Amino acid sequence: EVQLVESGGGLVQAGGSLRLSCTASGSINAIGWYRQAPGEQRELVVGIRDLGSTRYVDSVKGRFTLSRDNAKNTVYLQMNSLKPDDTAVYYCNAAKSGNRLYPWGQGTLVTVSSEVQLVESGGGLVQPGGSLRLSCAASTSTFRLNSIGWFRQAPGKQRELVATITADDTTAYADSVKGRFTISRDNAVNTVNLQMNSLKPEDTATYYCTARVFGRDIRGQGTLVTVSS
């Protein structure tokens with residue numbers, strides 16, 4: 001028979017990332033990931049159509065990415081932009097139609113935490129392919145939020161504008177992050193965020209927050225984001 005075992009889960013915050021891996025010895029194409037918490041019976045998160053496609057639950061489509069390496073009898077599931085509601089234990093038995101369920105692994109656990117001037121946060125170190133979430137508090141006691149934008153800068157190089165959101169909720173991203181980055185407001189708390197998926201060694205920079213208030217343009221001190229594994 002097969003012995004399944006899965007590892008790589010951990011504690012992480014809003015946004016954030018984690019690479020779950022899984023492995024077996026004793027067809028690796030028929031493996032998908034289940035998820036279980038207490039108080040609601042376990043569900044399926046990723047499965048396989050008979051033809052060989054990889055169908056993902058709509059609640060997560062656009063975050064979790066099933067990869068595989070036949071050469072190591074290993075399957076993975078790269079998680080980005082992790083939400084609190086992703087908290088549970090993930091298993092690794094099969095998910096193609098018409099296949100026997102393999103012997104249950106123990107499961108790796110996955111937990112997810114949570115003079116006007118601006119205040120950035122969230123910056124940290126991650127691996128290539130990871131995901132962060134930066135936030136931009138204004139420190140005003142809700143005096144004015146306005147229209148903002150995020151610009152980064154590696155040391156000794158010219159600044160780069162990455163993404164912006166105006167008052168009208170229009171978004172524009174640079175071609176250097178096209179597809180990967182996503183700027184959302186979250187207005188209910190007077191803070192504005194930037195989700196950063198699929199990072200590279202090339203994003204290693206100090207990320208700041210500009211707002212252009214009355215008269216002068218303003219920024220915050222900005223947080224490091226490093227990616228070199």
# chains A, B, ... in the order shown; residues from 1 in each chain; ligands from 1
call {"tool": "select_by_dssp", "arguments": {"residues": "range 14-229 of chain A", "states": "strand (DSSP E or B)", "output": "NGL selection string"}}
result
:A and (15-25 or 31 or 34-37 or 40-44 or 46-48 or 54-56 or 65 or 68-69 or 74-82 or 88-90 or 94 or 96 or 108-112 or 119-121 or 125 or 131-137 or 148-153 or 160-165 or 171-173 or 181-184 or 191-197 or 205-210 or 223-226)
call {"tool": "residues_around", "arguments": {"residues": "residue 141 in chain A", "least_positions_apart": "3", "cutoff": "9 Å", "atoms": "only C-alpha atoms", "output": "number ranges by chain"}}
result
A: 138, 144, 190
call {"tool": "write_last_selection", "arguments": {"atoms": "N, CA, C and O atoms", "output": "mmCIF file, in the first residue's frame"}}
result
data_model
loop_
_atom_site.group_PDB
_atom_site.id
_atom_site.type_symbol
_atom_site.label_atom_id
_atom_site.label_comp_id
_atom_site.auth_asym_id
_atom_site.auth_seq_id
_atom_site.Cartn_x
_atom_site.Cartn_y
_atom_site.Cartn_z
ATOM 1 N N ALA A 138 -3.048 55.790 8.483
ATOM 2 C CA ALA A 138 -2.864 57.207 8.239
ATOM 3 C C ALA A 138 -2.509 57.937 9.534
ATOM 4 O O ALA A 138 -1.826 58.961 9.480
ATOM 5 N N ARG A 144 -8.743 62.097 7.446
ATOM 6 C CA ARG A 144 -8.856 62.059 5.996
ATOM 7 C C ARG A 144 -8.100 60.852 5.464
ATOM 8 O O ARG A 144 -6.963 60.626 5.878
ATOM 9 N N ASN A 190 -10.230 52.720 7.780
ATOM 10 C CA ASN A 190 -9.357 53.858 7.523
ATOM 11 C C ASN A 190 -7.921 53.373 7.292
ATOM 12 O O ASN A 190 -6.967 54.091 7.595
#
call {"tool": "closest_residue", "arguments": {"among": "A:13, A:191, A:206, A:158", "to": "residue 133 in chain A", "atoms": "only C-alpha atoms"}}
result
A:13
call {"tool": "atom_distance", "arguments": {"atom1": "CA of residue 117 in chain A", "atom2": "CA of residue 171 in chain A"}}
result
22.7 Å
call {"tool": "residues_around", "arguments": {"residues": "residue 120 in chain A", "least_positions_apart": "2", "cutoff": "8 Å", "atoms": "only C-alpha atoms", "output": "PyMOL selection string"}}
result
chain A and resi 118+122+134-137+208-209+220-223
call {"tool": "write_last_selection", "arguments": {"atoms": "C-alpha atoms", "output": "compact mmCIF listing (two decimals), in the first residue's frame"}}
result
# COMPACT_ATOMS: atom_id res chain seq x y z
CA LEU A 118 1.34 57.77 7.18
CA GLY A 122 3.62 44.07 7.20
CA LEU A 134 1.38 45.57 3.49
CA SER A 135 -0.99 48.05 5.11
CA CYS A 136 -1.01 51.85 5.22
CA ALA A 137 -2.50 53.44 8.32
CA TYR A 208 6.51 53.28 1.13
CA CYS A 209 3.13 54.95 1.10
CA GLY A 220 6.00 57.13 5.68
CA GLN A 221 9.31 55.52 6.61
CA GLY A 222 8.38 52.29 4.82
CA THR A 223 9.06 48.63 5.64
call {"tool": "closest_residue", "arguments": {"among": "A:140, A:99, A:25, A:184", "to": "residue 49 in chain A", "atoms": "only C-alpha atoms"}}
result
A:99
call {"tool": "closest_residue", "arguments": {"among": "A:167, A:116, A:162, A:145", "to": "residue 182 in chain A", "atoms": "only C-alpha atoms"}}
result
A:162
call {"tool": "residues_around", "arguments": {"residues": "residue 93 in chain A", "least_positions_apart": "2", "cutoff": "8 Å", "atoms": "only C-alpha atoms", "output": "number ranges by chain"}}
result
A: 4, 31-34, 91, 95, 101-105
call {"tool": "atom_distance", "arguments": {"atom1": "CA of residue 129 in chain A", "atom2": "CA of residue 174 in chain A"}}
result
18.7 Å
call {"tool": "closest_residue", "arguments": {"among": "A:146, A:22, A:55, A:216", "to": "residue 115 in chain A", "atoms": "only C-alpha atoms"}}
result
A:216
call {"tool": "decode", "arguments": {"residues": "range 121-172 of chain A", "atoms": "C-alpha atoms", "output": "CSV table (one decimal), in the first residue's frame"}}
result
chain,number,residue,atom,x,y,z
A,121,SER,CA,3.5,47.7,8.1
A,122,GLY,CA,3.6,44.1,7.2
A,123,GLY,CA,7.1,44.1,5.5
A,124,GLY,CA,9.1,41.0,6.2
A,125,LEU,CA,11.3,38.3,4.8
A,126,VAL,CA,9.9,35.6,2.5
A,127,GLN,CA,10.9,33.0,0.0
A,128,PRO,CA,10.5,33.4,-3.8
A,129,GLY,CA,6.9,32.5,-4.7
A,130,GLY,CA,5.6,33.7,-1.3
A,131,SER,CA,3.0,36.4,-0.5
A,132,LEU,CA,2.8,39.4,1.9
A,133,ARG,CA,0.3,42.0,2.8
A,134,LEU,CA,1.4,45.6,3.5
A,135,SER,CA,-1.0,48.1,5.1
A,136,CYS,CA,-1.0,51.8,5.2
A,137,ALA,CA,-2.5,53.4,8.3
A,138,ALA,CA,-2.9,57.2,8.2
A,139,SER,CA,-2.7,58.0,12.0
A,140,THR,CA,-5.4,60.6,11.8
A,141,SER,CA,-8.1,59.3,14.1
A,142,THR,CA,-10.1,59.1,10.8
A,143,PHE,CA,-9.5,62.7,9.7
A,144,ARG,CA,-8.9,62.1,6.0
A,145,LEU,CA,-8.1,58.9,4.0
A,146,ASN,CA,-8.0,60.4,0.4
A,147,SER,CA,-6.3,58.8,-2.7
A,148,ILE,CA,-3.0,56.9,-2.2
A,149,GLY,CA,-0.4,54.9,-4.0
A,150,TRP,CA,2.6,52.6,-3.2
A,151,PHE,CA,6.1,53.1,-4.4
A,152,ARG,CA,9.1,50.9,-3.7
A,153,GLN,CA,12.9,51.6,-3.9
A,154,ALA,CA,15.9,49.3,-3.8
A,155,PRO,CA,18.9,51.1,-2.2
A,156,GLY,CA,21.0,53.2,-4.7
A,157,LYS,CA,18.3,52.9,-7.4
A,158,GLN,CA,15.5,55.3,-8.5
A,159,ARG,CA,12.0,54.9,-7.0
A,160,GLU,CA,9.4,52.9,-8.8
A,161,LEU,CA,5.6,53.4,-8.6
A,162,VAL,CA,4.0,50.0,-8.3
A,163,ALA,CA,0.3,50.4,-7.7
A,164,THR,CA,-2.3,53.2,-7.0
A,165,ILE,CA,-5.9,53.6,-6.0
A,166,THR,CA,-7.6,57.0,-6.3
A,167,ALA,CA,-10.8,58.2,-4.6
A,168,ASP,CA,-12.9,56.7,-7.4
A,169,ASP,CA,-11.6,53.2,-6.6
A,170,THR,CA,-9.7,52.9,-9.9
A,171,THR,CA,-6.6,50.8,-9.8
A,172,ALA,CA,-3.4,50.9,-11.9
